[PDB]
Ligand SMILES: *[C@@H]1O[C@H](CO)[C@@H](O[C@@H]2O[C@H](CO)[C@@H](O[C@@H]3O[C@H](CO[C@H]4O[C@H](CO[C@H]5O[C@H](CO)[C@@H](O)[C@H](O)[C@@H]5O[C@H]5O[C@H](CO)[C@@H](O)[C@H](O)[C@@H]5O)[C@@H](O)[C@H](O[C@H]5O[C@H](CO)[C@@H](O)[C@H](O)[C@@H]5O)[C@@H]4O)[C@@H](O)[C@H](O[C@H]4O[C@H](CO)[C@@H](O)[C@H](O)[C@@H]4O[C@H]4O[C@H](CO)[C@@H](O)[C@H](O)[C@@H]4O[C@H]4O[C@H](CO)[C@@H](O)[C@H](O)[C@@H]4O)[C@@H]3O)[C@H](O)[C@H]2NC(C)=O)[C@H](O)[C@H]1NC(C)=O
Ligand SMILES: *[C@@H]1O[C@H](CO)[C@@H](O[C@@H]2O[C@H](CO)[C@@H](O[C@@H]3O[C@H](CO[C@H]4O[C@H](CO[C@H]5O[C@H](CO)[C@@H](O)[C@H](O)[C@@H]5O[C@H]5O[C@H](CO)[C@@H](O)[C@H](O)[C@@H]5O)[C@@H](O)[C@H](O[C@H]5O[C@H](CO)[C@@H](O)[C@H](O)[C@@H]5O)[C@@H]4O)[C@@H](O)[C@H](O[C@H]4O[C@H](CO)[C@@H](O)[C@H](O)[C@@H]4O[C@H]4O[C@H](CO)[C@@H](O)[C@H](O)[C@@H]4O[C@H]4O[C@H](CO)[C@@H](O)[C@H](O)[C@@H]4O)[C@@H]3O)[C@H](O)[C@H]2NC(C)=O)[C@H](O)[C@H]1NC(C)=O
Ligand SMILES: *[C@@H]1O[C@H](CO)[C@@H](O[C@@H]2O[C@H](CO)[C@@H](O[C@@H]3O[C@H](CO[C@H]4O[C@H](CO[C@H]5O[C@H](CO)[C@@H](O)[C@H](O)[C@@H]5O[C@H]5O[C@H](CO)[C@@H](O)[C@H](O)[C@@H]5O)[C@@H](O)[C@H](O[C@H]5O[C@H](CO)[C@@H](O)[C@H](O)[C@@H]5O)[C@@H]4O)[C@@H](O)[C@H](O[C@H]4O[C@H](CO)[C@@H](O)[C@H](O)[C@@H]4O[C@H]4O[C@H](CO)[C@@H](O)[C@H](O)[C@@H]4O[C@H]4O[C@H](CO)[C@@H](O)[C@H](O)[C@@H]4O)[C@@H]3O)[C@H](O)[C@H]2NC(C)=O)[C@H](O)[C@H]1NC(C)=O
Ligand SMILES: *[C@@H]1O[C@H](CO)[C@@H](O[C@@H]2O[C@H](CO)[C@@H](O[C@@H]3O[C@H](CO[C@H]4O[C@H](CO[C@H]5O[C@H](CO)[C@@H](O)[C@H](O)[C@@H]5O[C@H]5O[C@H](CO)[C@@H](O)[C@H](O)[C@@H]5O)[C@@H](O)[C@H](O[C@H]5O[C@H](CO)[C@@H](O)[C@H](O)[C@@H]5O)[C@@H]4O)[C@@H](O)[C@H](O[C@H]4O[C@H](CO)[C@@H](O)[C@H](O)[C@@H]4O[C@H]4O[C@H](CO)[C@@H](O)[C@H](O)[C@@H]4O[C@H]4O[C@H](CO)[C@@H](O)[C@H](O)[C@@H]4O)[C@@H]3O)[C@H](O)[C@H]2NC(C)=O)[C@H](O)[C@H]1NC(C)=O
Ligand SMILES: *[C@@H]1O[C@H](CO)[C@@H](O[C@@H]2O[C@H](CO)[C@@H](O)[C@H](O)[C@H]2NC(C)=O)[C@H](O)[C@H]1NC(C)=O
Ligand SMILES: [Ca+2]
Ligand SMILES: [Ca+2]
Ligand SMILES: [Ca+2]
Ligand SMILES: [Ca+2]
């Protein structure tokens, strides 16, 4: 095998088709499904898999009580077959910890997990299912990473980490790994003022990451990485179609180089595909809560501070719970272009459904079509009442 | 690997032997078996598997309530090892949706799933476990396909779809796929007046599909496809041995080019092998309900409007529930001829057994023998009382 | 791969060491273990597996009620990894039916299952996991076979079948299969008067089968097969160490060419290794019930009508339940000789433990050592009280 | 494949990073997890796995009652994927018995299990998943071995066994195996006075084993093996940092060539890495019970009878239960040096938690880093109250 190179551009996105769905919470009502959160999807050359952070308990298990909590010693990055649920018996542990990323370089996979207490966390970088490098916290405040796949080019796999405050300036670093070793790292540059939970995709030798400015911004920061030069830029999505959550109502003009204000110290992981007129943004439908999900075609969102939607697709109704969302692509598919894909985490349980003591999720995932397909909505589908 | 070619004829069918049986409902009374319906069987060059549409819940799970319903966001095409039950832990999701087909071309497998609301459904065509093509509804009324395997010849895999009314003229199309791409499609031609749920098999470079005329016909429509020319014909089975369900009692003379009347707006998926004097038809034993199943040797059923049985085999007694049935063959077996095989879906639960709130099925499957073997009957075997 | 040839002799048997044990009934008290009976062991070139006839239900499942019964539509030959229990999720179905054998020829595996009602049973012979040949009942009375592995030589795999009475003369046939096809079959010849449930092993181009004379004999019949000539002989084990069950107490002189009388119309499957002074016989310890199990070294048992034990090994105490026993070897092991192995089926439940409504078993298996090893006893280990 | 050679030295150990954790007791509260104890970790060239001795029951199973007991017929050496729990469905049985070791030689794996009653135990040596050699008890008193991985060099895999008293002189033997055959064995030599449960690692053609002197010593005996010459030495760790349990408080000067006294007839399996100034010792934090676990950097512990810690890392708080600990390395990793790894068995249940009737464990495992990483603590994480 050779290292994959990002040689193709994005396919034209005219709609989104269903790719995978695991129905995990429905199935886990009466089967040995692990409690998870922070899911994503990532492809190897011969298979695509679901990934997430386990909570080290099943959902009917008594240890599900307390699983609203993000960071414990009982979490691990797990992967499992596409559209199956994450069960005790089919889930492969990639590494231990409570913040992760993972990506295949064309030869093998790199997985990164961070663990530790808040003031003394460390990342372990695994390559070919063996630990290779470790990175200690630099700011002693919840060293943390993407929670979705990284992207590689000719073996170089950039990863974005943050360490420091979630409610003020933090120390974001872009590490460039190859075979699990650090080639270089850079501090964040550009005009993004705070970065968390980057969602990345690659095309024609450039990696684009759409992130969460938890501190100030209801527009999303965008990091664009050149994995050959190992350099990057940052800015915000300029569009007034604001895509964090919670957020204020949409303005008529957005901000390119600073956080669009109105909501502080909160957010949600999300994503976009930024490709000129072939630009699609995801967001929650609710401005207040992690409810609903929609895709909006917003031509030139990155650069046009008045850009508005020209097309859209509902993914999850506003009467159903959503969650984190992120990008992935199958870089090893046939054809002339890369097909944009994404997932949405469908969070069930706490805090919004507090008649149960757990928090878990299921996954829905879609990829782009060049057809203009009909739309359905894709809720989690479980009845909370059944768990009482 | 090369693409498989349909170079062989059918083996002489002198009786049927047991091939597979999953006992899913029996086993699922106390194990994590998924609720399914619309099962089938399909072979790869190195393995044969069971397939079905999951309902995204186990049968003891509380979400089994409601699973009489055909179309939800929680359904998927799954496959699993021959004669195992479809469990949470052993079932591989092929694609998401509520109407499917799947077939191996000798190189890899194509799977097709349709999802969406009734007025805005779309098919996704997967090849080599990746999405390749999508097709939007053309009639905005439950785009739907075979619910059993397709057949390929030199890479060309025809698939029959219908969109439109179930109780009047609809828009049936035969798509010819290769490597998941559309080579051509044709509207239905010939004298079949309504088509659903085609059951297909191939022999000497011709594909024969036996279908369901839900609107008018208690004889079954037959589509015969030339996958090289990519053309087809349609007619009905001429025989007065009527094989849909519900149906009127058998006449003495059938109809070749129009629906044999008496029952409207209903049916069941079924199949036949039409090979001159080596012709066998399956049907339910009951004329009124999906009860029993039998195979009848009906020489020249396709073309002889007075043909009657010369031999038969009971598969399921009329005191046991049946369901859909369909054809498959192992195109990669050794020997000089293709051995005809079929399955019967053994439906349990609603609507006929309404003391439970679910609907599920198990599978029995048989293939032909050149011996004249003794017959057994093959019920599902579960006791509904145990589920109360 | 080439066909395996029986080129080696037996290793010297100086004691028996533990090979595998599945603890199935213990584990199945709280896990999804299938109800089984009639287990055995068989090796492929790269793996050894446990085999048995499933009852198509788990042991905690309500459908376990009734599983004392031998023949139903819900049985299948299953295999699973050595020393694991036979679970819903890890068990591979080989074929459907209620009497089986299976063996690897060095290239691939042949499996045979018989199904049907008592008066109309049929065998299906699978090779390379595909059905190849079928054989209809010839006597219309429970066509039945070995219930342990067959043995192959240069592709020729003899199998012993019986059809007819269990309590008087029956029609036993030795079929010689190659690639699942019938080369030849012979009726039983020699002086054995009734044959069931043969337990076979091969060495230096000869296959030895030790069987059950259910009608009259408490000595066991022995069939010796030349798989090159495709001919056989039969006789009884001459030794007065009688090894069927139930049986009379041991005499001082046995019978070579007729059944040793005293017990009629009953028996148990069992085995022996007959190799001159390297001869070991297994038997139940109890003369009355399937209780205990022991191995006795009985030099020249086959030919010496006064032969008595010179050494022994207790396998299962007489205060624990046993069951069927049979031979297998790993024909693909390293070294200069074939190591004799056997299993014992440890039957739990009905009829001897009738406070539960099921019948199931676990497996213990041992192979020979050239050391004189210490002995343990190997009970099933489950507490029936836990199942109430 | 060629046999692995121990060509590399140890990596510099500046801290320990998380490697694996299975959360077995947490997950097994509501999933089919086997009861285990005596776990370890061992790598093949393409995978690392967890190993342990099953008790032949799940933890919620009623047969979990009594599993404080060390030796029964229902135990087996099992392996399963790294960081998964040992479940009924994912656990591979390596061999049957109640004392084990296992190691890969670069070509295939050798596994050794001992079974039998106390006065008549025997070891079976498996190679390439087949039994090859057997060894009968020589002292008729609980023949027993390492309970963690062995190490191979050019095919030669030394294993340490003991047979005899646990509370006075016993008969320890070092067997040198190749392809599962005995090349040689030696009686223990040197100044260690009692040996059990050796924990081994290899580097630059030498194997170092740190063991348990159950009889007298609260310092640990160390056996150093030359696998080319097939010779060994023994002594004790000289350091006054005493690392058995229970033990007296730490002195200022230890003992090189005799047991450091104060505690008799007890101990725990443990380990060390002895590499000059790159020397790390593990131990329980409690001097009295199997509570807590810590790593201490104790330069020249082996040879310096006043050596004290210069650095350390807490693995398990003293308010959490620990257990056995042992060494392993991935001899097939990339790079210039072998990375030291270890595990800790986190024992739950009896005798310390006697409100439940079972004894089981989970596993945490770590490997060395050349960074100075932040430390977390890694408890089992289960709530005993949930099991009542
Ligand atoms: C079967 O499945 C089919 C496929 O899925 C399905 O069809 C799909 O239907 C859905 C639902 O209708 C469609 O999705 C929507 O698409 C809208 C965009 O399309 C409309 O607008 C464009 C653009 O129109 C402007 O620009 C063009 C030129 O490019 C001009 O030509 C126009 O005149 C117009 O110009 C004015 O405005 C511009 C600036 O905005 C100026 O530049 C300009 O000078 C003028 O001022 C049109 O081109 C479209 O028409 C074409 O398509 C339609 C078919 O849809 C045809 O009938 C027609 O012939 C044309 O071909 C079309 O009119 C999205 O706007 C829309 O998303 C908004 O609404 C939803 C709620 O429905 C919100 O959730 C979403 O967030 C968007 O609204 C919010 O955000 C915006 C942006 O800030 C706010 O302005 C807005 O107020 C609202 O904010 C509020 O909610 C927010 C969210 O909660 C909150 O955050 C805010 O704070 C605030 O509270 C939606 O995505 C989809 O595209 C169809 N797809 C296809 C292929 O057709 C079909 O229905 C199904 N069938 C059945 C039977 O069910
Ligand atoms: C061990 O296992 C063995 C293997 O399984 C098992 O043997 C099998 O037994 C079963 C059960 O008996 C057999 O299955 C049946 O087979 C019947 C056909 O075979 C009979 O008929 C043929 C044909 O006979 C005509 O034609 C030949 C020439 O080809 C002439 O020679 C004849 O004289 C006769 O001619 C007249 O009729 C023709 C028109 O029909 C005219 O052309 C002609 O001029 C004359 O008018 C015979 O050849 C057969 O004989 C041979 O075999 C038998 C052995 O079976 C030997 O004894 C004998 O020597 C010969 O070798 C034989 O007589 C099927 O018809 C039958 O299926 C009908 O019945 C079942 C109920 O049993 C129905 O469920 C089924 O649907 C069929 O009936 C319905 O449908 C027809 C068609 O429309 C209706 O006419 C009929 O009224 C009925 O309709 C009703 O029910 C429907 C369903 O609910 C409903 O929809 C309707 O609306 C209506 O309500 C059945 O399949 C099987 O073949 C055996 N197999 C073998 C290899 O032997 C054995 O028993 C087992 N042992 C034990 C101990 O258990
Ligand atoms: C640690 O583990 C160790 C390894 O496992 C374990 O050692 C093992 O111990 C077990 C138990 O003791 C041993 O197993 C038994 O072995 C017996 C055979 O060995 C004895 O006999 C031989 C043969 O002796 C005759 O022949 C030789 C020459 O070859 C002469 O030298 C002798 O003098 C004697 O000759 C007379 O008899 C012959 C005819 O029978 C004539 O030919 C001759 O002229 C004379 O008349 C001796 O060689 C043996 O000695 C050697 O070994 C011992 C060690 O065992 C040493 O001390 C000694 O120095 C020698 O080296 C030895 O004496 C088996 O017979 C025995 O099986 C019978 O008993 C059990 C019950 O225990 C029954 O279950 C079993 O079925 C057998 O009895 C039944 O069947 C026979 C046959 O028909 C009947 O005769 C008998 O009455 C009984 O029938 C009844 O029960 C049946 C079953 O229910 C029922 O069906 C009947 O109807 C009836 O009701 C048993 O297998 C084993 O071999 C040891 N292994 C080793 C390697 O040592 C050790 O104990 C463990 N340690 C601890 C501490 O636990
Ligand atoms: C984020 O994560 C970080 C990384 O994990 C974490 O940092 C880590 O913190 C932990 C906890 O503090 C550190 O772990 C401890 O490390 C201690 C060793 O380090 C100290 O000592 C050395 C050595 O000092 C001597 O020698 C040097 C020269 O080599 C001289 O320079 C010194 O002056 C001193 O010399 C005297 O003593 C010598 C003999 O002992 C003589 O030779 C000499 O002449 C003098 O007499 C220092 O070098 C270290 O300083 C350096 O590092 C610190 C940072 O830690 C810096 O601040 C500093 O600038 C330097 O760079 C340092 O001072 C271990 O001793 C310690 O383990 C003992 O304590 C724990 C309890 O905490 C016990 O559980 C453990 O068992 C050890 O104590 C027992 O055993 C000893 C030995 O017998 C007994 O003496 C002792 O009494 C006690 O016994 C009792 O308990 C036993 C167990 O129950 C029982 O069995 C006995 O019977 C008895 O009851 C511990 O491991 C770790 O190393 C840090 N790591 C790093 C990289 O920094 C950081 O905190 C985290 N951040 C947050 C915010 O949480
Ligand atoms: C099915 O028939 C096709 C058409 O003849 C065979 O296709 C040829 O395959 C050869 C061998 O791979 C190629 O080099 C030719 O170029 C192919 N020809 C065409 C016209 O496509 C194919 O091999 C046949 N399949 C099998 C299993 O034999
Ligand atoms: Ca924000
Ligand atoms: Ca109809
Ligand atoms: Ca008998
Ligand atoms: Ca000690």
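Looking only at residues of the stretch A:324-369 that are within 14 Å of chain B (Cβ to nearest Cβ) and farther than 24 Å from residue B:132 by Cβ, we find that the one that is surrounded by the fewest Cβ atoms within 10 Å (Cβ to Cβ) is A:356.
Of all the residues that make up the stretch B:156-167, how many are closer than 16 Å to residue B:185 by Cβ and either touching a residue at least 60 places away in the same chain (Cβ under 8 Å) or surrounded by 24 or more Cβ atoms within 10 Å (Cβ to Cβ) (or both)?
Of the residues in the stretch B:156-167, the ones closer than 16 Å to residue B:185 by Cβ are B:156-164.
Applying the additional criterion that residues be either touching a residue at least 60 places away in the same chain (Cβ under 8 Å) or surrounded by 24 or more Cβ atoms within 10 Å (Cβ to Cβ) (or both) yields B:156-162.
So the count comes out to 7.
Among the criteria (1) more than 16 Å from ligand 7 (Cβ to nearest atom); (2) more than 14 Å from chain A (Cβ to nearest Cβ); (3) surrounded by fewer than 22 Cβ atoms within 10 Å (Cβ to Cβ), the one residue B:174 does not fulfil is (3). Screening the stretch C:370-383 for residues that are under 21 Å from the mean Cα position of the chain (by Cα) and more than 7 Å from chain D (Cβ to nearest Cβ) and picking the one that is farthest from residue C:25 (Cα to Cα) gives C:377.
For the stretch C:235-264, the candidate set comprises residues that are buried (at least 22 other Cβ atoms within 10 Å of the Cβ) and within 19 Å of the chain's Cα centre (by Cα); within that set, the residue that is nearest to ligand 8 (Cβ to nearest atom) is C:244. Among the candidates B:144, B:212, B:224, B:220, the residue that is free of Cβ contacts under 8 Å to residues at least 24 places away in the same chain, on the phi < 0 side of the Ramachandran plot and either under 17 Å from the mean Cα position of the chain (by Cα) or within 16 Å of ligand 6 (Cβ to nearest atom) (or both) is uniquely B:224.
Here the condition is being out of contact with any strand residue (DSSP E or B) (no Cβ under 7 Å at 6 or more places or on another chain), more than 16 Å from ligand 8 (Cβ to nearest atom) and within 24 Å of residue A:8 (Cβ to Cβ); of A:205, A:229, it holds for A:229 alone.
Taking the stretch B:265-281 only, how many residues are surrounded by fewer than 21 Cβ atoms within 10 Å (Cβ to Cβ) and either closer than 26 Å to residue B:339 by Cβ or within 16 Å of ligand 9 (Cβ to nearest atom) (or both)?
Step one: of the stretch B:265-281, the residues surrounded by fewer than 21 Cβ atoms within 10 Å (Cβ to Cβ) are B:265-266, B:276-278.
Those left that are additionally either closer than 26 Å to residue B:339 by Cβ or within 16 Å of ligand 9 (Cβ to nearest atom) (or both): B:276-278.
Looking only at that region, the number is 3.
Selection over the stretch B:55-72 of residues that are closer than 30 Å to residue C:95 by Cβ and surrounded by 24 or more Cβ atoms within 10 Å (Cβ to Cβ) gives a count of 3. Once the stretch C:46-55 is narrowed to residues that are within 13 Å of chain D (Cβ to nearest Cβ) and touching a strand residue (DSSP E or B) at 6+ places or on another chain (Cβ under 7 Å), the residue that is farthest from residue C:380 (Cα to Cα) is C:48.
Let's see how each residue does on (1) closer than 30 Å to residue D:191 by Cβ; (2) free of Cβ contacts under 8 Å to residues at least 40 places away in the same chain:
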{"residue": "D:283", "(1), (2)": "yes, no"}
{"residue": "D:318", "(1), (2)": "no, yes"}
{"residue": "D:334", "(1), (2)": "no, yes"}
{"residue": "D:366", "(1), (2)": "no, no"}
{"residue": "D:371", "(1), (2)": "no, no"}
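Kindly evaluate residue D:141 against the criterion of being surrounded by fewer than 24 Cβ atoms within 10 Å (Cβ to Cβ) and within 9 Å of chain C (Cβ to nearest Cβ).
Against the criterion (surrounded by fewer than 24 Cβ atoms within 10 Å (Cβ to Cβ) and within 9 Å of chain C (Cβ to nearest Cβ)), residue D:141 does not qualify.
Look through the stretch C:371-383, keep the residues that are in contact with a strand residue (DSSP E or B) (Cβ under 9 Å, 6 or more places away or on another chain) and under 14 Å from residue D:57 (Cα atoms), and return whichever of them is farthest from ligand 4 (Cβ to nearest atom).
Going through the stretch C:371-383, the residues in contact with a strand residue (DSSP E or B) (Cβ under 9 Å, 6 or more places away or on another chain) turn out to be C:371-382.
Filter again for under 14 Å from residue D:57 (Cα atoms), leaving C:380-382.
Details: C:380: 45, C:381: 40, C:382: 43 Å.
Looking at residues that are in contact with a strand residue (DSSP E or B) (Cβ under 9 Å, 6 or more places away or on another chain) and under 14 Å from residue D:57 (Cα atoms), I get C:380.
Of the numbered criteria (1) within 12 Å of chain D (Cβ to nearest Cβ); (2) surrounded by 23 or more Cβ atoms within 10 Å (Cβ to Cβ); (3) touching a residue at least 60 places away in the same chain (Cβ under 8 Å), the one residue A:105 fails is (1).
Total residues in the stretch C:297-310 satisfying the condition of being at positive phi and either surrounded by fewer than 16 Cβ atoms within 10 Å (Cβ to Cβ) or part of a strand (DSSP E or B) (or both): the figure is 0.
Looking only at the stretch D:286-295, decide whether some residue is under 30 Å from residue D:106 (Cβ atoms), within 13 Å of ligand 4 (Cβ to nearest atom) and in a strand (DSSP E or B). Lay out the reasoning, then the answer.
So in the stretch D:286-295, the residues under 30 Å from residue D:106 (Cβ atoms) come out as D:295.
Pick out the ones that are also within 13 Å of ligand 4 (Cβ to nearest atom) and you get D:295.
Checking which are in a strand (DSSP E or B) leaves us with D:295.
Within the stretch D:286-295, one or more residues are under 30 Å from residue D:106 (Cβ atoms), within 13 Å of ligand 4 (Cβ to nearest atom) and in a strand (DSSP E or B).
Take the residues in the stretch B:120-145 that are closer than 15 Å to residue B:70 by Cβ and part of a loop (DSSP other than H, G, I, E, B), then tell me which one is farthest from ligand 5 (Cβ to nearest atom). Break it down stepwise before answering.
Residues of the stretch B:120-145 that are closer than 15 Å to residue B:70 by Cβ, as a first pass: B:121, B:141-145.
Adding the requirement that they be part of a loop (DSSP other than H, G, I, E, B) leaves B:121, B:141-143, B:145.
On the way: B:121: 34, B:141: 38, B:142: 36, B:143: 31, B:145: 25 Å.
Looking at the filtered set, the residue picked out is B:141.
Among the residues of the stretch B:5-13, is any in a loop (DSSP other than H, G, I, E, B), within 16 Å of ligand 2 (Cβ to nearest atom) and touching a residue at least 12 places away in the same chain (Cβ under 8 Å)? Explain how you work it out, then say what you get.
Residues of the stretch B:5-13 that are in a loop (DSSP other than H, G, I, E, B), as a first pass: B:5-9, B:11-13.
Restricting the remaining residues to those that are within 16 Å of ligand 2 (Cβ to nearest atom) gives B:12-13.
Then keep just the ones that are touching a residue at least 12 places away in the same chain (Cβ under 8 Å); that gives B:12-13.
Yes, there is a match, as at least one residue in the stretch B:5-13 is in a loop (DSSP other than H, G, I, E, B), within 16 Å of ligand 2 (Cβ to nearest atom) and touching a residue at least 12 places away in the same chain (Cβ under 8 Å).
Just checking, how many residues over the stretch C:97-113 are on the phi > 0 side of the Ramachandran plot and in contact with a strand residue (DSSP E or B) (Cβ under 7 Å, 6 or more places away or on another chain)?
First pass over the stretch C:97-113, keeping only residues on the phi > 0 side of the Ramachandran plot: C:97, C:106.
Among the residues that remain, those that are also in contact with a strand residue (DSSP E or B) (Cβ under 7 Å, 6 or more places away or on another chain) are: C:97.
Count: 1.
Have a look at D:83, D:31, D:72 and point out the one that is under 18 Å from the mean Cα position of the chain (by Cα), at the interface with another protein chain (Cβ under 8 Å from one of its Cβ atoms) and outside any strand (DSSP E or B). Give the derivation first.
Details: D:31 fails: under 18 Å from the mean Cα position of the chain (by Cα); D:72 fails: under 18 Å from the mean Cα position of the chain (by Cα).
The conditions single out D:83.
The rows are residues; the columns are (1) farther than 23 Å from residue B:151 by Cα; (2) surrounded by fewer than 24 Cβ atoms within 10 Å (Cβ to Cβ); (3) more than 16 Å from ligand 5 (Cβ to nearest atom).
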site: B:7; (1), (2), (3): no, yes, no
site: B:14; (1), (2), (3): yes, yes, yes
site: B:25; (1), (2), (3): yes, no, yes
site: B:46; (1), (2), (3): no, yes, no
site: B:52; (1), (2), (3): no, no, yes
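All Cβ positions, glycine included, derive from the backbone under ideal geometry; neighbour counts span all protein chains shown. Readers should treat all values here as calculations from the given coordinates under stated rules, not as data from a laboratory.
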